[PDB]
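Here the structure comes first, spelled out in structure tokens, and everything after it is commentary.
FYI, it's all coordinate maths here, none of it is from the lab. Quick reminder, even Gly has a Cβ in these numbers, built from the backbone with ideal geometry, and neighbours come from all protein chains shown.
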Amino acid sequence: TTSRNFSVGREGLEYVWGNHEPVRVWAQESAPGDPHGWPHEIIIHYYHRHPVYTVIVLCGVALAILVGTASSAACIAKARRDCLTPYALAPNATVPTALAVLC
Amino acid sequence: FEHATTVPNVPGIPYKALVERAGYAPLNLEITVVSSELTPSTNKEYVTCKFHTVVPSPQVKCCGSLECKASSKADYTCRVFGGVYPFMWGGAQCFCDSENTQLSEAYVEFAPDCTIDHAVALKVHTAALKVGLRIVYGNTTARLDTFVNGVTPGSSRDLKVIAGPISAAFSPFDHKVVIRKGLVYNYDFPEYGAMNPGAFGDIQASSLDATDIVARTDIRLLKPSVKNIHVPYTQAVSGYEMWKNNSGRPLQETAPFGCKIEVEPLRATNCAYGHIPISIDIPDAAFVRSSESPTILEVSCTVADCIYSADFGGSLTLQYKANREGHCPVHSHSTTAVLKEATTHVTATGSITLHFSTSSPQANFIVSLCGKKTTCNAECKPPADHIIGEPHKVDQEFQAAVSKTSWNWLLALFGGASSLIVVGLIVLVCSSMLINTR
Amino acid sequence: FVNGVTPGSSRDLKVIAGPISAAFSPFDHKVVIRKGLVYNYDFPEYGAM
Ligand SMILES: *[C@@H]1O[C@H](CO)[C@@H](O)[C@H](O)[C@H]1NC(C)=O
């Protein structure tokens, strides 16, 4: 006598023993994914199922965040430099009227 | 009327569909795959089994000469020696220093028990399917059986319903196989007339009792021993017993999709995979004019409760107003979830409770009663028990497990700074022109 | 046979040959036979009339 651990997929698994007709046993998911209107660690459930396709979304989210931040920062900085440079102003001065708005 | 629809390969899983016709109530059609029967095309190659050798009484010439003739017996061999003094209980039968000669021969035949211990080598090909269906339309049941080939309609009530071809062909059978005592083993046996001593199929025969037989198992005769007449021989063990000790496990315990395989048809059964299209013709008599069917009014959908599960763990409630009595079917126009019952008694203002199941915890869909329909949205939870073999995944997942909350977080997440970038560029252009004013 | 595995037996001299350089088969997968004649035809399936 002993014990054995057999992994079962979502599809289904067969099971034999002794000399009697076998029994088929399948499985489903029970990890705690869905939230209840409050902040929650839903990701863990989505990590328990399909460890693929679950972190790829996070990587894409990070990529989008970085792309947006970098592009916005570069464009705002360049536009500000263009608006300020030929104007050739100084901080706390009379000419920087538009500056009173800009910064 | 005529209709078409595709169903996955699986046994004992009723699917409920609707046929819509203006002026006629949409009949509820129930389709069940009672059983499956995959039957390939077979060819018999040769039989084999444990063999018994033959050591016939020797041909001894007292003070003479002999030779090594030929014969048609399988593994037939002869060999001769001279200057032999055989002996026996009454004494020495003959002695002649050189003139004596002895001739021995050897062959083989299938053992008497072979008749039941025999195995056979089979050449298989061109897997073909036979499917049994139970189809119910308007409490009109029909049991039918037909091939999946798109040409032949099975006959049941003389209603020709075509189906197939199979979406994807699956065959656990290799082109070559062996059969023994009700078991089927996947093996690459050698060709007829091709043998190797100590190897499987060392002995062949077109029939279990065919007179013709051929083999080759390295039978070389041995010189006579000291003073006692006998026939010392040599030969390699039967490949039958060797292959038995190491034949490998039966295909019964290795086929995918839970095939149930039997020998006398050399077929598989209740083995499910893929999808099948189906064409269905229906008499118009079975159809019912809409006016005859009851009408409904201001029906509402109410989810009493629902836990995401495998069985019909989802529960729903419906409140309806009607001007007529009778029956109506119900349907889930959204694939993600499927009901468990077809129709029920109706009432002028009654309400009912319904069972169903789903492939996602998001119970957002539309459901039709009589000809009208109403929406139903809710959230279902995963269950505690997570190991059961009863029917499950009646619908395949469609990446719809994504909760509405996750969609809400994703929508507000993705940025739109590119609009800010374009606004910055436009103001940059205007400021550049203003600077150009100087 | 032309199969590269089996040697035909003649004097117990095993001479192997093949495989065929190019396979040729006038027979279609489906055929009909009648009175000693063979006609190449695509007959319908059993139970299909
Ligand atoms: C099937 O239902 C119709 C009404 O929908 C009814 O008239 C008929 O008697 C029923 N047939 C059976 C066999 O129950």
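In order along the stretch B:103-114, phi translates into HN-Hα couplings of 10, 10, 9, 8, 8, 8, 8, 4, 5, x, 5, 2 Hz, rounded to whole numbers, per the Karplus curve 6.51 cos²θ - 1.76 cosθ + 1.60 with θ = phi - 60° and x for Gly and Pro. Working note: Debye formula, equal point scatterers on the alpha-carbon atoms of the stretch B:38-147, no solvent; log10 I(q)/I(0) at q = 0.13 Å⁻¹ is -0.77. For the stretch B:250-290, the relative contact order is 26 percent, taking Cα pairs closer than 8 Å that sit 6 or more residues apart in sequence and dividing their mean separation by the residue count. By the beta carbon rule, with partners counted only under 4.7 Å, chain B holds these lone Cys residues: B:430.
Phi angles across the stretch A:82-88 convert, under the Karplus curve 6.51 cos²θ - 1.76 cosθ + 1.60 with θ = phi - 60°, into 3J(HN,Hα) values of 5, 6, 9, 6, x, 4, 6 Hz, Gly and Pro given as x. Full extension of the segment from residue B:76 to residue B:15, taken as 0.36 nm per residue of separation minus the current Cα-Cα distance, would add 15.4 nm.
Residues whose amide H falls under 5 Å from that of residue B:187, counting only those 5 or more places apart or on a different chain, are B:177, B:178, with hydrogens built in the peptide plane. For the segment A:17-30, counting C-beta atoms of other chains within 10 Å of every residue's C-beta and taking the mean gives 4.
Which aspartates and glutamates, on any chain, are close to residue B:381 with Cα under 14 Å apart, when same-chain ones fewer than 8 places away are left out? Filter leaves A:29, A:34, B:305, B:311. Backbone N atoms of the stretch B:255-276 closer than 14 Å to the 7 Å Cα→Cβ label point of residue B:116 are not found in any residue. Of all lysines in the structure, the ones whose alpha carbon falls short of 24 Å from that of residue C:14, not counting any fewer than 8 places away in one chain, are B:69, B:73. The stretch B:114-172 has equivalent-ellipsoid semi-axes of 34, 16, 10 Å, by the square roots of 5 times the alpha carbon gyration tensor eigenvalues, sorted largest first. Per residue, the average separation of C-alpha pairs within less than 8 Å and at least 6 apart gives the stretch B:228-309 a relative contact order of 13 percent. FRET efficiency for the residue A:47 to residue B:260 pair, using the beta carbon distance and R₀ = 35 Å, is estimated at 0.40.
Starting from the Kirkwood Rh over alpha-carbon pairs, what translational D in µm² s⁻¹ does chain B have by Stokes-Einstein at 4 °C and 1.567 mPa s? All intermediate terms of the calculation are to be shown ahead of the outcome.
Details: Rh = 29.6 Å.
Approximately 44 µm²/s, per Stokes-Einstein.
Across the alpha-carbon atoms of the stretch B:359-433, the computed radius of gyration and Dmax are 22.9, 74 angstrom. Across chain A, the relative contact order, built from alpha-carbon pairs under 8 Å that are at least six residues apart, equals 11 percent. Within the same chain, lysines fewer than 8 places from residue B:260 are excluded, and of the rest, those with a Cα less than 21 Å from its Cα are B:123, B:130, B:176, B:181. Using θ = phi - 60° in the Karplus curve 6.51 cos²θ - 1.76 cosθ + 1.60, the 3J(HN,Hα) couplings for the stretch B:395-404 round to 10, 6, 5, 10, 6, 9, 4, 3, 6, 4 Hz; x is entered for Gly and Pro.
Amide H to amide H under 5 Å from residue B:344: which residues, 5+ apart in sequence or cross-chain, H placed 1.01 Å off N in plane? Those qualifying (amide H under 5 Å, at least 5 residues apart or on another chain) are B:328.
How compact is the stretch B:31-94 by the rule of thumb for globular proteins, expressed as Cα Rg over 2.2 N^0.38 Å? Walk me through the numbers before you get to the answer.
Values: Rg = 26.6 Å, N = 64, 2.2 N^0.38 = 10.7 Å.
Here the answer is 2.49, to two decimals.
Divided by 2.2 N^0.38 Å, where N counts the residues, the Cα radius of gyration of the stretch B:283-430 comes to 1.50.
May I ask for the net charge around residue B:157, where only other residues with Cβ less than 12 Å from the Cβ of residue B:157 are counted and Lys, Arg are +1 while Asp, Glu are -1? Intermediate results must be reported in sequence, preceding the final value.
Numbers: positive: B:143, B:160; negative: B:158, B:281.
Residues near residue B:157 contribute 0 overall.
Volume per residue for the protein assembly as shown equals 391 cubic angstrom (convex hull of Cα atoms).
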